[PDB]
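Next up, structure tokens for two forms of one chain, structure 1 and then structure 2.
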Structure 1
């Protein structure tokens, strides 16, 4: 049921999604171990992910959350990196896409920093890196991230350096409490609370 529509680089929508990718790169405390060493990306393609059934599943849950939270879905656009991006865009998010060992429990994790999601493209901790060269910092191989619409609802705030949401909450927010430059990360515990809106194909770029 999924079709992928290419955006033109001239399209304002391409440009605004690219800007969110590039502008939310940061340095990571692993010195690039998981995701590679880079300050920016080479964006190769941005595609809109269109699936009516998955969209309706998302908006149905969004309305339920909204109604439980004074008509406020608390919807964000957030990055998700996973070796399972291809399954996600066809079948939707579900329990198989959860990070069982995540610091906020077994849920599906999203980041404000694109560079954080980039650390997960080849698996937890970058796995063994790219399939072709076994390099977590590969500058040749094409990578993919999702830029997703995510319903947070009432989000449980965790200050810090598939399970259930905390009672009375629809998500968890992981607030950075140490690294002053890090943006927030978020966890949802139901696949229906995220829609994979854009598929971004890119390379990390070797700094000069």
Structure 2
């Protein structure tokens, strides 16, 4: 592996930026905490910057290709990712080959602009079994991990699929009175995202 994790001082403005974004994007969900647990705040334990030259060159290369297909604009956004695979991803990069067939927008890798949404997916689809130790989707004890990722969206198709629709690079899923409540984002190519910050945390009891 080429990956090294550099720990950030809570003193650091880089930490405080990611901390602020994570806490501020939390929302009350429709499921009543069923999937991700009940909370309005996290206990931010550790923020590490992920450094891999090969993984970075994979990303910046793809980003250039998208820009030339999208009027010299990458449409780069910083978004959250949640999944069982976080420990794999920080070493090997995103891999679409492990994408899940069932999922509102087909076999892609899902992202959120709301940390609380991405949280729901950490122990699997709709929380799965919950935490390995207590089998509790609302565990306040077991430490969790999200990624705060640099994601190249390109020309994003809006919608309420194996790949992107033609002439598009992503899908922006959108709120729907009989569908989504917040925005999802989906890529169909692992090189269109970089896992930049690894966040270790727990959800807090009100």
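Take the two forms, superpose them, and find the largest set of C-alpha atoms that agree within 1.5 Å; that set is the rigid core. Numbering follows the first chain given and starts at 1.
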**OP:** Tell which of 37, 183, 141, 43, after superposing on the rigid core, has its C-alpha displaced by 2 Å or more between structures 1 and 2, please.
**Re:** 183
Subject >> Angstrom shift of the Cα atom of residue 174 between structures 1 and 2 (superposition on rigid core) >> reply: 0.7
Subject >> Core superposition result - C-alpha of residue 97, shift between structures 1 and 2, Å >> reply: 4.1
